[PDB]
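Each chain, letter by letter, is given below.
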Amino acid sequence: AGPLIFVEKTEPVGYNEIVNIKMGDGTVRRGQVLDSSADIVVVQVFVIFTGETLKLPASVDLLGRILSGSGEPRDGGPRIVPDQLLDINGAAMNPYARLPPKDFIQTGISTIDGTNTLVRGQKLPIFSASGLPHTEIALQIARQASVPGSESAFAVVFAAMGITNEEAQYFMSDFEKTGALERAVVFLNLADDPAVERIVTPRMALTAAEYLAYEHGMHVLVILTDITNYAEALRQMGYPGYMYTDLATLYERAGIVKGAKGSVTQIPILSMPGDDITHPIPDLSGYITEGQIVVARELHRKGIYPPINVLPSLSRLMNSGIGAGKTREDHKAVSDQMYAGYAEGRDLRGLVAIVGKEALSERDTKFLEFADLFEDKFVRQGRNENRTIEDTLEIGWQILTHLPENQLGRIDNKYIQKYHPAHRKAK
Amino acid sequence: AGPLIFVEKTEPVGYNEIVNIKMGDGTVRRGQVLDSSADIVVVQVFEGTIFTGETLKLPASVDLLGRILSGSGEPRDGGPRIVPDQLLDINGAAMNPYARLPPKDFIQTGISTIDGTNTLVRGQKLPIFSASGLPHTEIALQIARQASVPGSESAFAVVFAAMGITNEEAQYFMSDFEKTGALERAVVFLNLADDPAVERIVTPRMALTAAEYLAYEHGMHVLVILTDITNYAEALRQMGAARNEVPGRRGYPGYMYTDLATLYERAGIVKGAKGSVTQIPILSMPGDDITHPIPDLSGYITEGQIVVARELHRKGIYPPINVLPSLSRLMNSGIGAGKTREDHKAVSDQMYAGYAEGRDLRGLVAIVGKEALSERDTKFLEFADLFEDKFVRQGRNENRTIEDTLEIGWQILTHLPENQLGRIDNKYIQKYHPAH
Ligand SMILES: NCCc1ccc(S(=O)(=O)F)cc1
Ligand SMILES: [Cl-]
Ligand SMILES: [Cl-]
Ligand SMILES: [Cl-]
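All residue numbers refer to a per-chain count from 1 along the written sequence rather than necessarily to the numbering of the entry. Residues that lack coordinates are not shown. All chains are assigned letters beginning at A, and all ligands numbers beginning at 1, according to the order in which they are written. The basis for the side-chain values is all heavy atoms of the structure; hydrogens and waters are excluded.

Judging from the entry metadata, X-ray crystallography is the method by which this structure was determined, and 1.7000 Å is the reported resolution.

### Details of the overall build of chain B
Think of it this way: any DSSP run of H or I at least four residues long counts as a helix, any run of E at least two long counts as a strand, and we number them from the N terminus. Each helix and strand in chain B was counted, giving eleven helices and 18 strands. Over its C-alpha atoms chain B spans a radius of gyration of 24 Å, differing by no more than 12% from the 22 Å that the globule rule assigns to 436 residues. Its C-alpha atoms give chain B principal-axis dimensions of roughly 80 × 50 × 40 Å. When accessible area is computed with a 1.4 Å probe and restricted to protein chains, residues below 20% of their type maximum are described as buried, those above 50% as exposed, and intermediate ones as partly exposed. Taking all 436 residues of chain B together, 64% fall into the buried category. Accessible surface area values rest on a Shrake-Rupley calculation with a 1.4 Å probe, where residue burial reflects the displayed protein chains alone. Looking at chain B as shown, the accessible area adds up to about 16000 Å², and 48% of this sits on carbon and sulfur atoms. Two things to know: the radius of gyration comes from C-alpha atoms, and the globule rule equals 2.2 Å times the number of residues to the power 0.38.

### Quick word on the sheet that holds strand β3 (residues 28-36) of chain B
To summarise the sheet geometry, strands pair through backbone hydrogen bonds and adopt either a parallel or an antiparallel arrangement. All names here are of chain B. Strand order in the open sheet formed by five strands is β1-β4-β3-β2-β5, with mixed pairing between adjacent strands. Edge positions in the sheet fall to β1 (4-8) and β5 (51-54), since each has one partner strand and no second. Pairs of neighbouring strands in the sheet enclose a mean axial angle of 45°, with direction left out of account. When DSSP finds two or more bridges between a pair of strands, those strands are recorded as paired. Bridge count for strand β2 (residues 18-22) against β3 is five bridges, and the pairing is antiparallel. To get an axis, a line is fitted to the C-alpha atoms, and for a helix only the part in contact is used. The angle between two axes follows their N-to-C directions and goes from 0 to 180 degrees.

### Points about the sheet that holds strand β3 (residues 28-36) of chain A
Judged by pairing direction, the sheet is mixed, and its five strands sit side by side in the order β1-β4-β3-β2-β5 (chain A) without closing on themselves. The open sheet has two edge strands with one neighbour each: β1 (4-8) and β5 (50-52) of chain A. Across this sheet, the average inter-strand angle for adjacent strands is 50°, counted without regard to direction. The sheet contact formed by β3(A) and strand β4 (residues 40-45) of chain A spans five bridges and is antiparallel. Within β4(A), the position partnered with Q32(A) by the bridge is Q44(A). Contact criterion: two residues are considered in contact whenever any of their non-hydrogen atoms come within 4.5 Å of each other. Set on the sheet, helix α8 (residues 344-368) of chain B makes contact with β1 and β3 of chain A; between it and β3(A) the angle comes to about 95°.

### Digging into the side chain of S263(A)
Looking at the element boundaries, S263(A) is found in strand β16 (residues 263-272). Ignoring any residue separated from it by four or fewer positions in sequence, one finds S263(A) in contact with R120(A), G121(A), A213(A), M218(A), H219(A), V220(A), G255(A), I256(A) and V257(A).

### Things to note about empty space enclosed by the protein
Space left empty within the atom packing is revealed by a probe, the size of a water molecule, rolled over the atoms. Here the largest cavity is characterised by a volume of approximately 780 Å³. Taken together, 40 residues line the largest cavity, and the ones lying closest to its centre are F127(A), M272(A), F129(B), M285(B) and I301(B). Contributing elements (two or more residues each) for the lining of the largest cavity: β11 (126-129), β17 (291-294) and α7 (297-301) of chain A together with β11 (128-131), β16 (276-285) and β17 (304-307) of chain B. A class-by-class count of the residues in the lining of the largest cavity yields 27 nonpolar, seven polar and six charged. Secondary structure elements with two or more residues in the lining of the second largest cavity: α8 (331-355) of chain A together with β1 and α6 (255-264) of chain B. In terms of residues, the lining of the second largest cavity owes the most to one element, α6(B), which gives four residues. The way it works is a 1 Å grid over only the protein atoms, where trapped points that fit a 1.4 Å probe form a cavity and open points with protein on both sides within 12 Å along at least five of seven lines form a pocket, and then any residue with an atom within 4 Å of a point lines it. Grid points are joined across faces, edges and corners, and a volume is the space filled by probe spheres set on the points. The classification used treats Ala, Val, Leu, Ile, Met, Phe, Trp, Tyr, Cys and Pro as nonpolar, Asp, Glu, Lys and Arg as charged, and all other residues, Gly among them, as polar.

### Let's talk about the nonpolar core
Among the nonpolar cores identified, the biggest contains 136 residues, and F158(A) and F160(B) are the most heavily contacted of them. With eleven residues, helix α4 (residues 195-216) of chain A is the largest single contributor of residues to this core. With near-sequence residues (within four places) excluded, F158(A) lies in contact with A138(A), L139(A), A142(A), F171(A), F175(A), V185(A), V186(A), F187(A), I223(A) and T225(A). Nonpolar core, defined: a set of buried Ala, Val, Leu, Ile, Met, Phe, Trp, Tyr and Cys residues in which side-chain atoms within 4.5 Å join the residues together. Within the second largest apolar cluster, 60 residues are counted, among which are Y98(B), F189(B), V202(B) and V222(B).

### Re the pattern of salt bridges
Pairs may arise between side chains of opposite charge once their charged atoms sit close together. Residues and elements named next belong to chain A. Whenever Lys or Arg places a side-chain nitrogen within 4 Å of a carboxyl oxygen from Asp or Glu, that contact is recorded as a salt bridge. A full pass over the atoms with the stated rule returns 56 salt bridges over all chains. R65 is paired through a salt bridge with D75; the nearest N and O atoms lie 2.8 Å apart. Of this pair, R65 sits in strand β7 (residues 65-68) while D75 sits in the loop between β7 and β8 (84-87), and the two are ten residues apart along the sequence. With relative accessibility at 13%, the residue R65 sits in the buried group. Among the ionic pairs, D193 bridges to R74, the shortest N-O distance being 2.6 Å. Here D193 is found in the loop between β13 (184-190) and α4, whereas its partner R74 is found in the loop between β7 and β8, with 119 residues between them in sequence.

### Concerning the environment of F177(B)
Residues and elements named next belong to chain B. When you line up the elements, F177 lands in helix α3 (residues 167-180). Separated by 54 residues in the primary sequence, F177 and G123 place their C-alpha atoms 24 Å from one another. In this structure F177 touches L141, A144, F160, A182, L183, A186 and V188, once residues within four positions along its chain are discounted.

### Structural notes on the site of ligand 1
Residues and elements named next belong to chain B. Taken together, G316, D389 and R393 are the residues near ligand 1. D389 is positioned with one of its side-chain polar atoms (N or O) 3.2 Å from a nitrogen atom of ligand 1. Coverage of ligand 1 by the protein chains reaches 28% of its 350 Å² of free accessible surface. Note on definitions. A residue lies near a molecule or strand when any single heavy atom of the residue is within 4 Å of it. For the purposes of these results, a polar contact is taken to be a pair of N or O atoms within 3.5 Å, where, inside protein, one atom must be able to donate a hydrogen and its partner to accept one; residues adjacent in sequence count only when each atom of the pair is a side-chain atom.

Next up, the structure:
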């Protein structure tokens with residue numbers, strides 16, 4: 001029933017106790033205690049205890065720290081000294097502007113920047129499944145993401161839920177050794193930590209991102225891995241009917257912030273369970289309103305990292321993040337043409353398995369070969385290969401040369417003459 | 001080793017047996033047997049350069065319409081075997097029917113969350129993405145009974161192919177097609193769970209060959225509904241050379257990586273441009289990836305998808321389609337003046353944006369409480385309820401024309417302040433808004 005609000009444990013409470021919760025403006029909401037850890041009370045909202053909301057200790061000094069799901073140090077450092085104590089439920093400060101997401105976030109991964117571009121303020125889930133490398137892709141984006149040319153500084157907030165010890169040490173090591181830590185706040189919730197902390201983890205993370213974005217004028221990228229495990233924690237506390245509204249209190253929290261010098265961008269990982277007997281398939285579609293990045297078993301089976309299939313992927317806001325002054329003027333054309341040539345080449349793989357390879361026409365054979373060049377040169381890149389959008393677009397142009405120039409129906413002749421390697425002038 | 005073909009069994013055969021096959025075009029192929037049922041052999045052919053067989057054929061005639069057949073094209077309806085005009089091979093090699101033209105123009109399914117916001121166009125492949133326990137079967141059957149091509153000079157037909165189904169489901173589909181009269185414009189292929197696996201593998205090939213024959217030889221727009229590609233894949237991963245082999249590992253046969261493309265290649269406008277083959281495949285998320293790895297179904301998703309949402313199912317709403325993750329990539333080629341109506345794109349864009357905003361505000365309401373939400377936000381919050389209750393919700397038997405759909409859209413859009421309709425041109429507000 002009713003939505004979840006998190007409260008600091010200041011006095012003992014009982015199950016089903018009726019309580020008041022003090023909101024950031026001095027008003028109070030009433031609810032009932034649902035559960036609690038030793039330090040955090042979970043309240044369902046509709047003489048008596050009046051509770052304070054659970055707070056994040058907020059400071060620019062959160063950057064470079066690795067913390068638990070409850071905000072406590074996990075890196076052997078001192079507790080955070082706060083500038084502000086901010087309600088993590090999201091209710092003390094409305095940082096979001098009524099503005100659409102826009103302008104480019106360069107992940108350095110061609111199958112996102114090139115064909116499915118992430119924009120500032122967007123929520124763009126990675127949609128994956130058991131046994132696929134969504135975790136490596138999330139960490140690669142956390143190492144590589146930037147906002148080319150932005151006057152606002154950039155930060156990452158990386159929140160991992162229900163993870164093993166082994167995973168935790170791997171994530172800490174990767175952030176530390178690459179320097180990615182120095183612009184990040186990292187929240188790690190272990191599988192064995194109290195379960196209440198698992199559901200507080202993304203609220204801590206989004207609070208930190210809102211504080212950096214709005215009070216320090218930053219574009220902040222929040223990567224949340226992964227929401228299925230968060231759904232699991234609600235279930236443990238089919239999925240509960242209130243889960244769909246609860247998820248909305250996570251996916252409402254994204255966008256450009258007031259003043260438009262900062263933004264909160266989310267990339268949640270939505271992984272489908274590999275055995276629905278023990279882990280039922282949750283409906284996480286509420287999070288998918290601005291497109292998705294699809295991690296595909298076919299590509300992984302073929303030994304290609306990252307195994308992202310651009311055809312089912314989409315970024316509904318891409319056009320607000322690309323072109324002259326953002327990426328390059330020819331970006332939309334090249335994206336459209338690669339998409340169309342790869343879709344045609346893939347259908348032609350079907351055709352070769354109907355009529356045989358030697359029956360395909362010479363033109364069809366160019367498109368068949370293009371689908372292989374696309375997967376081998378454009379989709380495939382190294383774990384630590386950080387490609388600028390220029391790099392991405394020039395790979396695109398090189399593999400597009402395999403097609404007959406007269407078959408480039410998605411590219412304006414003005415871009416063919418300016419950028420196609422057969423016509424472009426050396427400057 | 002190349003393509004898989006399907007052959008009339010006339011004697012027992014062994015695995016990997018070399019066979020000569022007379023093809024539908026009169027030429028001969030040599031190939032190796034992979035598997036068989038009582039009456040069908042699956043053969044992988046060799047390029048160019050013992051048992052001699054003929055290919056399994058569809059008995060193609062316009063008199064397939066009105067008939068209920070098995071996966072192999074045998075009658076299920078107590079009628080006589082089809083009398084063929086032509087006997088066509090079924091693997092996709094027959095006819096060479098497809099044009100190099102883009103899909104376009106409207107198919108009216110009568111369901112608003114398809115036509116209104118994610119429009120199906122002639123020649124498109126638009127999958128329904130769903131999961132166990134959701135009503136994807138009912139949606140597939142509703143579109144089969146309701147679909148048409150408004151204003152087209154070409155005749156319309158449905159090919160409905162159901163794979164791996166129970167006897168009770170088969171009984172229900174027969175009754176439904178018969179009782180509503182949808183049968184007279186349909187060919188129905190029913191494959192049962194306990195029919196041979198190889199018959200399940202042939203089932204979508206029979207169906208697509210019938211659709212290509214009616215589209216290309218008879219100038220029809222044909223809508224092929226395939227339910228469920230997941231159950232097709234669960235048969236495929238146990239057939240022939242795939243048995244107990246693991247995707248991505250040595251021993252897994254190359255043809256497994258291209259089989260589903262032999263189904264999804266088979267759609268489009270046909271030569272002559274008087275007809276077309278449109279597919280609505282059902283892709284149910286299987287739930288058992290660990291124990292039954294199948295070919296990746298994502299290859300089927302290139303022109304959008306219709307997403308069936310358990311949230312909406314649990315709220316009591318049918319059809320429980322969530323338009324926000326749903327997409328039709330070819331929608332703009334099927335809408336607007338002379339296809340649907342000139343305000344269609346604007347109304348869809350505005351519904352989509354208000355619904356997405358309202359759904360975000362269900363999160364903000366939970367964060368701050370209803371009493372704290374602004375008057376403007378409350379109107380959008382309410383709009384997402386009106387969208388779900390009035391536009392998404394429609395009856396199983398309710399066939400809305402596109403005009404019925406746009407009119408419901410306008411009505412619910414009057415709940416928003418007119419100055420908040422930023423995706424609708426003023427020309428359209430004055431012409432079509434209920435207050436003007
Ligand atoms: N808001 C209630 C209106 C309504 C309308 C139809 C149904 S149903 O039984 O067909 F699912 C349920 C509720
Ligand atoms: Cl902790
Ligand atoms: Cl669910
Ligand atoms: Cl695969």
